[PDB]
Amino acid sequence: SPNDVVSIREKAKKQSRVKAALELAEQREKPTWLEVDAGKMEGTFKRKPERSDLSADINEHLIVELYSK
RNA sequence: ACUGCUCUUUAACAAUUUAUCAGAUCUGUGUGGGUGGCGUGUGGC
Numbered sequence: 001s002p003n004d005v006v007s008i009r010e011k012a013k014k015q016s017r018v019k020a021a022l023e024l025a026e027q028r029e030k031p032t033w034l035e036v037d038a039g040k041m042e043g044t045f046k047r048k049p050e051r052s053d054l055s056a057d058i059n060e061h062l063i064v065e066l067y068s069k
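Quick note on numbering: our numbering labels position 37 of the first sequence as 37, and the sequence is numbered without any gaps.
Quick look at the structure:
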């Protein structure tokens, strides 16, 4: 459920994998809808992004009509 | 007095030869690191 905190286990935050992947997320597009804590190595989510913050080259109404025809 | 009478609406371009569909790293202050050469002399064994 949104408004939740998730992280990696407390004994694995010095890894090459974790540091690399977190720096990678830092180098990607930073979500305003997901508070990413690259120092705390975690994510806190509040609410799913609305019509404004998603991809604009995608079809879902067509998928809805294909699944509902 | 006694060389001196319009000339006519502002700078005035270099770029150049297959060729394409563009084609992860943003760290430390753990620490070693912050007088002799020669000569001469004496004496000893």
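Backbone N, C-alpha and C define an ideal beta-carbon position, used for all residues, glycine too.
Presumed contact (8 angstroms Cβ cut-off) between residue i and residue j, rounded CB distance
i: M41; j: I8; result: 6 angstroms
i: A38; j: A56; result: Not confirmed; about 27 angstroms, so no contact.
Through-space distance from residue j to residue i, alpha-carbon basis
i: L66; j: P31; result: 31 angstroms
i: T44; j: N3; result: 7 angstroms
i: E23; j: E60; result: 32 angstroms
i: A21; j: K69; result: 42 angstroms
i: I58; j: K11; result: 40 angstroms
i: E50; j: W33; result: 10 angstroms
i: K19; j: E29; result: 17 angstroms
Range covered by the beta strand (DSSP E) that runs through residue i
i: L54; result: First-last for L54: undefined, no H or E at that position.
i: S1; result: No beta strand (DSSP E) contains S1, which DSSP labels as neither H nor E.
i: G39; result: Here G39 belongs to no beta strand (DSSP E), and DSSP marks it neither H nor E.
Under the three-state DSSP convention, the category residue i falls into
i: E29; result: coil
Continuous alpha helix (DSSP H) stretch holding residue i: start and end
i: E65; result: 61-68
Same chain, Cβ closer than 6 angstroms to residue i, five either side skipped, listed in chain order
i: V6; result: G43
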